[PDB]
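Novice: Can you read through this structure? Questions will come right after.
Readers should treat all values here as calculations from the given coordinates under stated rules, not as data from a laboratory. Neighbour counts are summed over all protein chains in view; Cβ atoms, including those assigned to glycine, are modelled from backbone coordinates with ideal geometry.
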Amino acid sequence: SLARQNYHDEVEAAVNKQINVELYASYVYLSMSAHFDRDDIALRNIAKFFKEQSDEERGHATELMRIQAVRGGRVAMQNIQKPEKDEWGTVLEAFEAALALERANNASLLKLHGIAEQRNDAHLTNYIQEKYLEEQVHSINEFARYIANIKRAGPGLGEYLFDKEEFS
Amino acid sequence: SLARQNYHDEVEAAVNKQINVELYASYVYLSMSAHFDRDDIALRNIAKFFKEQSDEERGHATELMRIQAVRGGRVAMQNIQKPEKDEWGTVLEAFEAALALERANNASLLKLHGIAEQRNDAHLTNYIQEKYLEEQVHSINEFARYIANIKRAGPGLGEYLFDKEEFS
Amino acid sequence: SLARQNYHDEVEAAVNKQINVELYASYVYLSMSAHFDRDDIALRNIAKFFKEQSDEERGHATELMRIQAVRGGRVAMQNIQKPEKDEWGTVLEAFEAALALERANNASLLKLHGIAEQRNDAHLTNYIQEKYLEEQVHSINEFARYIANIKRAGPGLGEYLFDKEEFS
Amino acid sequence: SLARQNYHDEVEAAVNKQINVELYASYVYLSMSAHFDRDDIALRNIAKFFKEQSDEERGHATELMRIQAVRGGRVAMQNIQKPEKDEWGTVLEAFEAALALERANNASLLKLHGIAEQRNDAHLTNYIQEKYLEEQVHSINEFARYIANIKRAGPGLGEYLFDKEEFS
Amino acid sequence: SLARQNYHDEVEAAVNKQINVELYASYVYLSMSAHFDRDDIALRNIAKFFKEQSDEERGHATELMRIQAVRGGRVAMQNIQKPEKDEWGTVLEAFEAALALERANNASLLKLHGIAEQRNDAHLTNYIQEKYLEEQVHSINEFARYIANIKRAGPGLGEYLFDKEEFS
Amino acid sequence: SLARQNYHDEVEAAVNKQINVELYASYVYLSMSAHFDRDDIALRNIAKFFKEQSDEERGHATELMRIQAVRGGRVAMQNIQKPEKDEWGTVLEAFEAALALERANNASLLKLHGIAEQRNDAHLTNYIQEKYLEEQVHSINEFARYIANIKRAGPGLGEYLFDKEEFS
Amino acid sequence: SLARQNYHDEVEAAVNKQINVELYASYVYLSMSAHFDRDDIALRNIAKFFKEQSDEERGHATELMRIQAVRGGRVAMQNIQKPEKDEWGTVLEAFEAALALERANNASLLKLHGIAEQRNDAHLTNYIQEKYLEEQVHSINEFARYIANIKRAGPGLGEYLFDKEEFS
Ligand SMILES: [Fe+3]
Ligand SMILES: [Fe+3]
Ligand SMILES: [Fe+3]
Ligand SMILES: [Fe+3]
Ligand SMILES: [Fe+3]
Ligand SMILES: [Fe+3]
Ligand SMILES: [Fe+3]
């Protein structure tokens, strides 16, 4: 690359890892969408919500591909592992798995920031904080709040009205 | 499933295989998009075209997930294999690889149609013909035509003007 | 909290301290507003200006309450001390007191950033820089410029015209 | 003050006490807003309601500051005591605390009216009746009705649907 | 009067006195208007302001004539005394004279309220509070603030700019 | 300055050096614009592009002068050195010199961030990251991509069409 | 140049000198802009005026660069000398220095017109009269009129109101 400047191989490699982490998260949410689309589960607003989350995570991955290109790094793809489950259990169990995924993504992004900081990558530390860390703490808060509300509404009628009310 | 009717396990499994085929194709096009976004290749209209193709292949996958759910089948995810290459070569070679992928997708859809036909699935034979086979012969024709135009324009200035003129 | 991640008790505590600092600053500005609303002082644009500053400082406090909630910290309220004075003196003296308060708010925000940095809170260092430090240097600059203009316009007619012209 | 006429020191003092009463009530509601914004409570419409009540109580304070200035009295600020609790308990417990606060505010306003009446302040008795006592009986009725509906809806799903339905 | 009910001769007479008080105040302001319209004084916005105040005072009179009629009292006109001066002196002196007049009008309206109160005229006490005591408190505040601003702006250029700036 | 706070002489001096660096870059682009405006070169879109780049670099200088003033630093101008060349050679040679200039500018901004960081200037580190480092990596990427496309289009007809196509 | 006709080396050289004179005048006005943007001076309309004058002088330079190219001359850049001062003193002193710079610009333009006239450059004599001499006498008149008005308004309140009134 004629452009590449103050961009360490360790950071280039960590961005490639994070690209895979985001594509995997997209895959998990696509599977959770399919789950709520089952004809014996049939919660369309939750199914649509997880599809939007899947699209957003794919967007996280492609934005990191774009900054890799801007910095003059080379994207290196890895297998996208299938999610841990096809069947995600109750509404609560699925939102719990989602909170755990968002906390894992955040842990991974904090490690990426740390590597960039260790290598004095003044551009990429700010890029990660602005474009990733801010949305990540809002997503985790969102999922924690959904879990409080799913438990409060309770199974059955509460899950039915949660689907109706929550994603207006 | 209370809905499932005239829907054979062999057909449900074939639909799951095709979902993975389409997700794999989405991944290949995402990789080709990154290739043309390299700062030493820098054909942005071609990079945008392959991103659009990646989006479309993901749509093929999610629409098969939808018809799996409509028929009362259950979606089962597999690993999405990394693409065969990260380096796709020249404009011509990338479009040739894309044509090969579209013909592989078509071969897989024709096999899916044949399994549905063998099991007397009168809904799914028509669904595959209308929603997949028609689009697939159009996609293959588009890629054959792109290859003719890339060869005609030729390397260097032709590749530059193909990027400028063919997608606008 | 199911959300709380990489959020140290020291940072949670310092955010609670800064909430009180901002609520105190809001109170000081409310008192300065009442001063210029006195029938024997009667500078209505300055009174309105200090009320707007009071509103803005209360917004600074409530925004920190929101980020405390987002990070999964717990808000803890303290008494809001009455301002140092009820009589704020001349236009110049009130604006000098306001500049001192803005500099004290900034010193507190820089300390909060320091604590976040020491605890490797990569989210909150950026949050404080973006949402607080940038605003604070523009506030301090605004008050230094007001003070330059009050001095230039001078006591009596200058104060009357400053009130008429400076907030229009 | 060149304006001050038929305005007794006892009434001036009682208006300053009431300004502190309203600022305290504003703080209580700000604290209740934080409680319902906790990620493990997460009743956002209730949180926004208590923030609006906090804004309204602050407006009650600033309107009494304006009439203090109009009558030629001098505003004297006191410490704003922290609320009795940071942790306000159930929806019902918070709304019961709010009703008790509104009744305490009303008792303090009736005492203020009483002092104005005792001193033949024909302007301020009418001002208190029009601008405070009318609003205060409506607010108390509003809170009594909220409590009736919270009890009717009941804990769990009722609290979720009260938050969804009551503030729209 | 077929209408007259709970309306004492003492209150009827006090309303007729207040009508004369308001017509006198209108005449004073008309005289102050002429003063500032002198070709050797030539403060057009102040002259227009005092003409507006003269119009308002006549409105105070005619509104009291209307409520006299509504209550079934009979209007009894007295001479309108010429104002104390034709030459009102400086801007500050005219505004001081204006404030004294507003305070005198206010004392007279509080006495009228007192008479209505003594006679248990529950309609007229409230009418006087709403229609007269509120306006009078704002007018007295207005004139006190004008005097503070005349004093601040100072003589000569300050008077010229007070005329330009103070009345929109 | 009454405003200046946590703003070290070394940082103030470094901001002044960076103002000169940006003004020098503006001059270089102005020179390159004149080169492509020569009647024997006559590539008007490239000439316009380099004039826009000159305008942008001058904006980079004047924004740094603004933040110097906000922080209470004092602007100190130095001579703006004439560019290294008046004759910038071929389209490729000019764009290669531009890339080298952007990388030099980036090296200077990274040094400036480093000085701010050493002096614990929490405001200015973030300001440089947000306002300078982000744009600088995008500019460098843009110039690397221009060079790839100039080489691909090739000399003569390619340069003619590059000028026609690349800036439209 | 295939275009160059009736264009003497002495005139080509003098246009290059005048380009440097205009770029220098732009730099002086940018410095004066920074001076009025100081937090202890804070005359924003004057700061904006001098920034507009800096932009105008840069436009004078780029317009001469364009006529150099039209006539088939070659632009040759020289160092842009830093202004005489960073600190320009009072409002009057700044406008006095501006008047002197405009008079120096005019002397330089009249010398350029003289050289063109001596070399019988019938195009460039008219070009300089129309595009430079007409604007130059208007700019000198404007700066002489500003100085008259700055002295009339006087230092302190006059400078404050000159900033408010003169550039609207
Ligand atoms: Fe993500
Ligand atoms: Fe497909
Ligand atoms: Fe603040
Ligand atoms: Fe209240
Ligand atoms: Fe009246
Ligand atoms: Fe730059
Ligand atoms: Fe000029």
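Novice: Which ones in segment C:21-73 are in contact with a strand residue (DSSP E or B) (Cβ under 8 Å, 6 or more places away or on another chain) and within 17 Å of C:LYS131 (Cα to Cα)?
Specialist: Once the filter is applied, which keeps residues that are in contact with a strand residue (DSSP E or B) (Cβ under 8 Å, 6 or more places away or on another chain) and within 17 Å of C:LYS131 (Cα to Cα), segment C:21-73 yields only C:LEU23.
Novice: Out of (1) more than 14 Å from chain E (Cβ to nearest Cβ); (2) closer than 26 Å to C:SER33 by Cβ, what's the single condition that is false for D:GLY72?
Specialist: (1)
Novice: Further, regarding this structure: In segment F:101-133, which residues are within 12 Å of ligand 6 (Cβ to nearest atom) and among the hydroxyl-bearing types (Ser, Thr, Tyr)?
Specialist: F:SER108, F:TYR132
Novice: Considering only residues of segment D:60-73 that are in a helix (DSSP H, G or I) and touching a residue at least 40 places away in the same chain (Cβ under 8 Å), which is farthest from D:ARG103 (Cα to Cα)?
Specialist: Filtering segment D:60-73 for residues in a helix (DSSP H, G or I) gives D:60-70.
Checking which are touching a residue at least 40 places away in the same chain (Cβ under 8 Å) leaves us with D:60-61, D:63-65, D:67-68, D:70.
Values: D:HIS60: 15, D:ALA61: 17, D:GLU63: 20, D:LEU64: 18, D:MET65: 22, D:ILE67: 23, D:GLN68: 23, D:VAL70: 27 Å.
Within segment D:60-73, the match that is farthest from D:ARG103 (Cα to Cα) is D:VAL70.
Novice: Can you tell me which residue within segment B:35-64, out of those that are farther than 17 Å from B:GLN136 by Cβ, of a type in the set (A, V, I, L, M, F, W, C) and more than 14 Å from chain F (Cβ to nearest Cβ), is nearest to ligand 1 (Cβ to nearest atom)?
Specialist: B:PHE50
Novice: For C:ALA107, all conditions in the list (1) crowded, with 19+ Cβ neighbours inside 10 Å; (2) in a helix (DSSP H, G or I); (3) not β-branched (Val, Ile, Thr) hold save one; what is the number of the exception?
Specialist: Status for C:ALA107: all satisfied but (1).
Novice: Additional query: Hey, among the residues in segment A:89-98 that are in a helix (DSSP H, G or I) and out of contact with any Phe, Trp or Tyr (no Cβ under 9 Å at 6 or more places or on another chain), which one's surrounded by the most Cβ atoms within 10 Å (Cβ to Cβ)?
Specialist: Let us first name the residues in segment A:89-98 that are in a helix (DSSP H, G or I), namely A:91-98.
So of that shortlist, the ones also out of contact with any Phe, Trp or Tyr (no Cβ under 9 Å at 6 or more places or on another chain) come out as A:92-93.
Working: A:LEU92: 17, A:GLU93: 14.
Selected residue: A:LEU92.
Results for (1) free of Cβ contacts under 8 Å to residues at least 40 places away in the same chain; (2) out of contact with any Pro (no Cβ under 7 Å at 6 or more places or on another chain); (3) in a helix (DSSP H, G or I), shown as yes or no for each residue.
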position	(1), (2), (3)
C:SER33	yes, yes, yes
C:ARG38	yes, yes, no
C:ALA47	yes, yes, yes
C:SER54	yes, yes, yes
C:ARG58	yes, yes, yes
C:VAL75	no, yes, no
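Novice: Sticking with this one: Looking only at segment F:4-62, count how many residues are surrounded by fewer than 18 Cβ atoms within 10 Å (Cβ to Cβ), of a type in the set (A, V, I, L, M) and more than 16 Å from F:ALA94 (Cα to Cα).
Specialist: 1
Novice: Something else now. So is C:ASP86 of a type in the set (D, E, K, R), within 14 Å of chain E (Cβ to nearest Cβ), free of Cβ contacts under 8 Å to residues at least 60 places away in the same chain and surrounded by fewer than 17 Cβ atoms within 10 Å (Cβ to Cβ) or not? Full working, then the answer.
Specialist: Numbers: of a type in the set (D, E, K, R): yes; within 14 Å of chain E (Cβ to nearest Cβ): no; free of Cβ contacts under 8 Å to residues at least 60 places away in the same chain: yes; surrounded by fewer than 17 Cβ atoms within 10 Å (Cβ to Cβ): yes.
Spelling it out, it is not the case that C:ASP86 is of a type in the set (D, E, K, R), within 14 Å of chain E (Cβ to nearest Cβ), free of Cβ contacts under 8 Å to residues at least 60 places away in the same chain and surrounded by fewer than 17 Cβ atoms within 10 Å (Cβ to Cβ).
Novice: Suppose we keep only residues that are without any contact (Cβ under 8 Å) to a residue 60 or more places away in the chain and touching a helix residue (DSSP H, G or I) at 6+ places or on another chain (Cβ under 6 Å) within segment B:1-28. Which one would you say is nearest to ligand 7 (Cβ to nearest atom)?
Specialist: That would be B:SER26.
Each row is one residue, and each column tells you yes or no for (1) part of a helix (DSSP H, G or I); (2) hydroxyl-bearing (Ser, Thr, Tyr).
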site	(1), (2)
A:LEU2	no, no
A:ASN6	no, no
A:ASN16	yes, no
A:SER26	yes, yes
A:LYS82	no, no
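Novice: Go through segment D:105-142 and report how many residues are within 14 Å of ligand 4 (Cβ to nearest atom) and of a type in the set (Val, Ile, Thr).
Specialist: Of the residues in segment D:105-142, 3 are within 14 Å of ligand 4 (Cβ to nearest atom) and of a type in the set (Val, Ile, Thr).
Novice: Determine whether F:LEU101 is under 29 Å from G:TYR29 (Cα atoms), part of a helix (DSSP H, G or I) and more than 7 Å from every other protein chain (Cβ to nearest Cβ). Before the answer, list the steps.
Specialist: Values: under 29 Å from G:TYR29 (Cα atoms): yes; part of a helix (DSSP H, G or I): yes; more than 7 Å from every other protein chain (Cβ to nearest Cβ): yes.
Here the answer is yes, as F:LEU101 does meet what is asked.
Novice: Looking only at segment F:104-124, which residues are of a type in the set (S, T, N, Q) and within 14 Å of chain C (Cβ to nearest Cβ)? Before the answer, list the steps.
Specialist: Going residue by residue through segment F:104-124, those that are of a type in the set (S, T, N, Q) are F:105-106, F:108, F:118, F:120.
Correct list: F:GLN118, F:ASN120.
Novice: Can you tell me which of C:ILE140, C:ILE80, C:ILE150 is in contact (Cβ under 8 Å) with a residue 24 or more places away in the chain, under 30 Å from E:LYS151 (Cα atoms), more than 14 Å from chain A (Cβ to nearest Cβ) and among the β-branched types (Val, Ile, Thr)? Quick ask: steps written out before the conclusion?
Specialist: Values: C:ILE140 fails: under 30 Å from E:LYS151 (Cα atoms); C:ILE80 fails: under 30 Å from E:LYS151 (Cα atoms).
Within the list C:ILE140, C:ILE80, C:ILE150, the selection yields C:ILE150.
Novice: List, please: which pairs have Cβ atoms under 8 Å, are six or more places apart or on different chains, and start with a residue in segment C:108-137 that is under 20 Å from A:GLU135 (Cα atoms) and end with one that is of a type in the set (A, V, I, L, M) and within 16 Å of ligand 4 (Cβ to nearest atom)?
Specialist: Hits for this filter: zero, empty list.
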